[PDB]
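Notes follow the structure.
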Amino acid sequence: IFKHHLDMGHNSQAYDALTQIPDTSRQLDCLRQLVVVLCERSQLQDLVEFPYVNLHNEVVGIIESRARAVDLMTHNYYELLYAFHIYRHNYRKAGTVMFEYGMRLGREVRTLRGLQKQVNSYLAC
Amino acid sequence: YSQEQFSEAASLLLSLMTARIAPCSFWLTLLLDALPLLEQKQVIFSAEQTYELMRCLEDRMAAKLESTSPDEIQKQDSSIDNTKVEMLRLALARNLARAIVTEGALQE
Amino acid sequence: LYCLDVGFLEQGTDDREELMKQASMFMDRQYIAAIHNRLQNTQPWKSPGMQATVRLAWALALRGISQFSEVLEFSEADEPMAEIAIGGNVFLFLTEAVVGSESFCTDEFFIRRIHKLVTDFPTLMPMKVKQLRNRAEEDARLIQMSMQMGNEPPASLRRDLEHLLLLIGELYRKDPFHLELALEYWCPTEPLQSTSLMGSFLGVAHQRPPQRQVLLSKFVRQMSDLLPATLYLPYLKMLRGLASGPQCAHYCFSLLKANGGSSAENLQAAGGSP
């Protein structure tokens with residue numbers, strides 16, 4: 001039912017189908033499916049405006065793992081967890097995301113685009 | 001602004017801050033100017049635009065901290081003004097989340 | 001050398017097949033077989049240096065041919081040709097006779113041909129690269145134990161990689177044209193930037209050179225961190241060769257900065273660069 005909700009793009013309806021799911025393991029799996037498909041569909045507002053609760057830690061773990069997993073330029077998951085932190089008033093936590101991603105840029109990248117971005121991240125935190 | 005050309009407003013403001021205009025008692029007003037741009041409930045500015053905007057915001061912030069004294073501040077206005085600073089940057093960062101989600105969805 | 005210059009064959013190339021058809025070596029079915037049989041036969045060689053040269057060159061040619069040939073393919077004689085070539089120290093022969101001659105600076109094409117020969121040698125024989133690396137390391141071990149016991153290194157010494165280091169270092173102090181072919185050995189994946197390097201991808205994310213030069217400069221980057229003391233100096237000839245030119249100098253500066261900092265592998269005279 002959830003995946004069909006995805007197929008015809010009823011995102012709120014998919015969210016409700018997900019909230020229906022009892023098992024936390026399948027909840028995490030379908031959460032990963034949801035995040036991947038929404039990212040590829042450029043449906044970002046969905047991810048934030050989701051009012052998750054008690055699934056916040058599942059989403060946090062998923063997004064941080066994918067941040068470990070993703071390219072810095074072709075993927076924005078650190079910024080997504082950022083905006084999540086804002087959406088949940090997470091001052092210290094959004095700062096942590098920014099400084100961390102600035103460190104990651106300092107490691108991976110030595111380009112001027114990087115330079116702009118490390119400055120952005122350290123400053124933001 | 002009174003006729004609501006916010007884009008050129010931002011252009012002029014960015015130009016004048018990167019010009020670093022007006023004395024210390026008036027970079028007060030330079031800082032003060034950003035409030036309606038904060039008040040934007042709908043924006044058309046680029047993510048890079050927001051970048052340089054906030055860049056210069058805290059750039060001038062540190063600069064104002066030091067213009068007062070090279071390691072201190074002594075102006076009577078700063079304290080409560082600093083409070084406004086925190087609330088305004090609060091609103092800023094929330095609108096930054098808003099602008100970035102819009103811009104990312106703008107690529108849809 | 002130009003006639004044998006077939007450098008497109010190292011990896012699969014889109015133009016490789018038509019280069020094959022308008023190449024004489026393949027339109028003559030008797031070409032490759034004829035030279036292979038003749039070289040494996042016995043011929044006068046007034047200079048073992050050039051004899052080793054020709055054996056090495058035909059071996060690299062057959063090695064390149066084999067990866068995309070099935071009836072003009074030879075890979076059996078390459079190994080003995082290569083062993084004869086390295087044993088005859090073709091490296092020093094070419095270092096002295098050709099490069100030492102200032103008749104060799106007449107055309108840029110000379111430099112180009114030697115440079116692609118240089119890039120050709122390791123990519124085709126990675127097994128030989130590893131074998132010679134280990135053999136140089138064990139040579140260092142033998143010399144170390146001989147000095148410890150107060151004796152001389154056992155038997156004879158083979159220093160072909162030493163010859164290569166000396167040769168290429170010497171090579172890249174000799175160019176009027178400033179071809180910057182050493183910048184190839186400086187991949188732009190290496191973090192380095194200047195007020196002219198914005199046209200490069202070190203101010204913009206990501207750039208990957210061709211596989212052969214990536215392998216070469218990468219093997220260089222690891223040799224920055226693994227060294228036996230017997231090869232310490234010819235490797236330094238690498239260094240002074242590459243030290244020519246401003247941008248290559250900046251790249252080598254970056255590489256030694258990587259070799260800089262606290263470590264345990266640039267602090268050693270064996271297994272790393274002291």
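As shown in the structure tokens, the chain order sets the letters A, B, ...; within each chain, residues go from 1, and ligands are also counted from 1 in the order they appear.
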Long-range neighbours of segment 76-91 of chain B as a PyMOL selection string, 12 Å cut-off, only C-alpha atoms, 2 positions minimum in chain: (chain A and resi 86-87+89-91+124) or (chain B and resi 24-29+31-41+53-55+57-58+60-62+64-65+67-68+72-74+93-99)
Would you save the residues from that selection as a PDB file, in the first residue's frame, using C-alpha atoms?
ATOM      1  CA  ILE A  86      16.001  23.805  12.079  1.00  0.00           C
ATOM      2  CA  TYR A  87      12.501  22.388  11.576  1.00  0.00           C
ATOM      3  CA  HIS A  89      14.615  23.912  16.585  1.00  0.00           C
ATOM      4  CA  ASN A  90      17.887  21.978  16.800  1.00  0.00           C
ATOM      5  CA  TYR A  91      20.312  24.857  17.214  1.00  0.00           C
ATOM      6  CA  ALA A 124      26.889  28.680  10.267  1.00  0.00           C
TER       7      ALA A 124
ATOM      8  CA  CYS B  24      30.665  52.894  13.727  1.00  0.00           C
ATOM      9  CA  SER B  25      27.527  54.536  15.120  1.00  0.00           C
ATOM     10  CA  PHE B  26      25.936  53.954  11.703  1.00  0.00           C
ATOM     11  CA  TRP B  27      26.963  50.443  10.807  1.00  0.00           C
ATOM     12  CA  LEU B  28      24.293  50.167  13.472  1.00  0.00           C
ATOM     13  CA  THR B  29      21.770  51.167  10.816  1.00  0.00           C
ATOM     14  CA  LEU B  31      22.909  46.052  10.343  1.00  0.00           C
ATOM     15  CA  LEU B  32      19.369  47.254  11.074  1.00  0.00           C
ATOM     16  CA  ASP B  33      18.527  47.359   7.364  1.00  0.00           C
ATOM     17  CA  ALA B  34      18.213  43.591   6.858  1.00  0.00           C
ATOM     18  CA  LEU B  35      14.936  43.254   8.785  1.00  0.00           C
ATOM     19  CA  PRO B  36      12.380  43.341   5.910  1.00  0.00           C
ATOM     20  CA  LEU B  37      14.516  40.898   3.953  1.00  0.00           C
ATOM     21  CA  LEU B  38      14.071  38.708   6.994  1.00  0.00           C
ATOM     22  CA  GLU B  39      10.349  39.507   6.805  1.00  0.00           C
ATOM     23  CA  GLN B  40      10.226  37.970   3.329  1.00  0.00           C
ATOM     24  CA  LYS B  41       7.609  35.218   3.512  1.00  0.00           C
ATOM     25  CA  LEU B  53      24.002  37.809   2.444  1.00  0.00           C
ATOM     26  CA  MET B  54      24.572  35.946   5.671  1.00  0.00           C
ATOM     27  CA  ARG B  55      28.331  35.828   5.017  1.00  0.00           C
ATOM     28  CA  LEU B  57      25.931  39.670   8.083  1.00  0.00           C
ATOM     29  CA  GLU B  58      28.251  37.980  10.577  1.00  0.00           C
ATOM     30  CA  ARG B  60      29.977  42.917   9.773  1.00  0.00           C
ATOM     31  CA  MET B  61      29.007  41.374  13.106  1.00  0.00           C
ATOM     32  CA  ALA B  62      32.591  40.478  14.000  1.00  0.00           C
ATOM     33  CA  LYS B  64      31.317  45.676  14.735  1.00  0.00           C
ATOM     34  CA  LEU B  65      32.507  43.692  17.734  1.00  0.00           C
ATOM     35  CA  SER B  67      35.253  48.464  15.816  1.00  0.00           C
ATOM     36  CA  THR B  68      33.944  49.155  19.313  1.00  0.00           C
ATOM     37  CA  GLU B  72      35.872  44.291  23.285  1.00  0.00           C
ATOM     38  CA  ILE B  73      32.626  46.201  22.808  1.00  0.00           C
ATOM     39  CA  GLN B  74      31.662  49.294  24.774  1.00  0.00           C
ATOM     40  CA  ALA B  93      18.152  30.422   9.627  1.00  0.00           C
ATOM     41  CA  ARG B  94      14.570  29.228   9.644  1.00  0.00           C
ATOM     42  CA  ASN B  95      13.967  31.149   6.428  1.00  0.00           C
ATOM     43  CA  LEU B  96      17.233  29.661   5.195  1.00  0.00           C
ATOM     44  CA  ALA B  97      15.818  26.198   5.612  1.00  0.00           C
ATOM     45  CA  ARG B  98      12.740  27.537   3.820  1.00  0.00           C
ATOM     46  CA  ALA B  99      14.711  29.039   0.942  1.00  0.00           C
TER      47      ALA B  99
END
Could I get the residues of chain A with an atom no further than 8 Å from an atom of chain B, each paired with its nearest atom pair and that distance in Å to one decimal, using only C-alpha atoms, sorted by chain and residue number, as a Markdown table?
| residue | atom | partner | partner_atom | distance |
| --- | --- | --- | --- | --- |
| A:41 | CA | B:108 | CA | 6.9 |
| A:42 | CA | B:108 | CA | 5.1 |
| A:43 | CA | B:105 | CA | 6.1 |
| A:44 | CA | B:101 | CA | 6.1 |
| A:45 | CA | B:101 | CA | 6.0 |
| A:83 | CA | B:97 | CA | 5.1 |
| A:86 | CA | B:94 | CA | 6.1 |
| A:87 | CA | B:94 | CA | 7.4 |
| A:120 | CA | B:55 | CA | 7.4 |
| A:123 | CA | B:55 | CA | 7.9 |
Hey, can you spit out that residue selection with N, CA and C atoms as a compact mmCIF listing (two decimals), in the first residue's frame?
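File written: out_25.txt
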# COMPACT_ATOMS: atom_id res chain seq x y z
N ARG A 41 13.36 12.24 -6.83
CA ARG A 41 12.23 12.98 -7.36
C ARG A 41 12.29 14.47 -7.02
N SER A 42 13.30 14.90 -6.28
CA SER A 42 13.50 16.30 -5.91
C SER A 42 12.35 16.80 -5.04
N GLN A 43 11.72 15.87 -4.35
CA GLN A 43 10.61 16.16 -3.45
C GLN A 43 11.16 16.31 -2.04
N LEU A 44 11.75 17.47 -1.78
CA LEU A 44 12.41 17.73 -0.51
C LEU A 44 11.43 18.18 0.56
N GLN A 45 10.52 19.08 0.20
CA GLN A 45 9.52 19.60 1.12
C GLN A 45 8.77 18.47 1.82
N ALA A 83 18.40 21.12 7.75
CA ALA A 83 17.09 21.76 7.70
C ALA A 83 16.10 21.02 8.59
N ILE A 86 16.74 22.55 11.99
CA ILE A 86 16.00 23.81 12.08
C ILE A 86 14.52 23.53 12.31
N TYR A 87 13.93 22.67 11.49
CA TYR A 87 12.50 22.39 11.58
C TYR A 87 12.14 21.88 12.96
N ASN A 120 31.35 28.61 4.87
CA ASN A 120 29.92 28.64 5.12
C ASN A 120 29.57 27.79 6.33
N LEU A 123 31.07 28.92 9.75
CA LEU A 123 30.39 30.14 10.13
C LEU A 123 28.98 29.84 10.63
Closest atom pairs, residues of chain A within 8 Å of chain C, only C-alpha atoms, as a Markdown table:
| residue | atom | partner | partner_atom | distance |
| --- | --- | --- | --- | --- |
| A:109 | CA | C:205 | CA | 7.3 |
| A:110 | CA | C:191 | CA | 5.7 |
| A:111 | CA | C:203 | CA | 3.9 |
| A:112 | CA | C:203 | CA | 4.5 |
| A:113 | CA | C:204 | CA | 6.2 |
| A:114 | CA | C:203 | CA | 7.9 |
Atom pair atom CA of residue 253 of chain C / atom CA of residue 182 of chain C: separation (Å): 13.8 Å
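The residue set within 12 Å of residue 41 of chain C, counting only C-alpha atoms and dropping same-chain residues fewer than 4 places from it, reads residues 34, 35, 36, 37, 55, 77 and 81 of chain C.
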Dump N, CA, C and O atoms for the selected residues as a PDB file, in the first residue's frame?
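Just written: result-v6.pdb:
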ATOM      1  N   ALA C  34      56.934 -11.670 -39.004  1.00  0.00           N
ATOM      2  CA  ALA C  34      58.279 -11.601 -39.563  1.00  0.00           C
ATOM      3  C   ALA C  34      59.268 -11.027 -38.559  1.00  0.00           C
ATOM      4  O   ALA C  34      60.311 -11.631 -38.287  1.00  0.00           O
ATOM      5  N   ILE C  35      58.958  -9.857 -37.993  1.00  0.00           N
ATOM      6  CA  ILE C  35      59.881  -9.272 -37.011  1.00  0.00           C
ATOM      7  C   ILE C  35      59.974 -10.138 -35.759  1.00  0.00           C
ATOM      8  O   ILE C  35      61.053 -10.273 -35.171  1.00  0.00           O
ATOM      9  N   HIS C  36      58.868 -10.760 -35.344  1.00  0.00           N
ATOM     10  CA  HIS C  36      58.927 -11.632 -34.176  1.00  0.00           C
ATOM     11  C   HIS C  36      59.886 -12.795 -34.402  1.00  0.00           C
ATOM     12  O   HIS C  36      60.781 -13.053 -33.586  1.00  0.00           O
ATOM     13  N   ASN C  37      59.723 -13.498 -35.530  1.00  0.00           N
ATOM     14  CA  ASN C  37      60.592 -14.628 -35.837  1.00  0.00           C
ATOM     15  C   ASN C  37      62.038 -14.186 -35.989  1.00  0.00           C
ATOM     16  O   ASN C  37      62.951 -14.843 -35.476  1.00  0.00           O
ATOM     17  N   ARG C  55      64.942  -5.352 -28.421  1.00  0.00           N
ATOM     18  CA  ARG C  55      64.168  -6.408 -27.777  1.00  0.00           C
ATOM     19  C   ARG C  55      63.066  -5.822 -26.906  1.00  0.00           C
ATOM     20  O   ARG C  55      61.913  -6.268 -26.974  1.00  0.00           O
ATOM     21  N   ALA C  77      57.463 -14.443 -26.652  1.00  0.00           N
ATOM     22  CA  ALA C  77      58.824 -13.937 -26.762  1.00  0.00           C
ATOM     23  C   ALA C  77      59.039 -12.638 -26.001  1.00  0.00           C
ATOM     24  O   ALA C  77      60.190 -12.230 -25.825  1.00  0.00           O
ATOM     25  N   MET C  81      62.654 -11.329 -24.336  1.00  0.00           N
ATOM     26  CA  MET C  81      63.129 -10.063 -24.885  1.00  0.00           C
ATOM     27  C   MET C  81      63.278  -9.027 -23.782  1.00  0.00           C
ATOM     28  O   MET C  81      64.291  -8.324 -23.710  1.00  0.00           O
TER      29      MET C  81
END
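With atom CA of residue 100 of chain C on one side and atom CA of residue 48 of chain C on the other, the separation reads 18.0 Å.
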Those in chain B with helix (DSSP H, G or I) from DSSP, as a VMD selection string: chain B and resid 6 to 18 24 to 32 35 to 39 47 to 68 78 to 106
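The residue that comes closest to residue 10 of chain A, out of A:38, A:28, A:94, A:60 and on the basis of only C-alpha atoms, is A:38.
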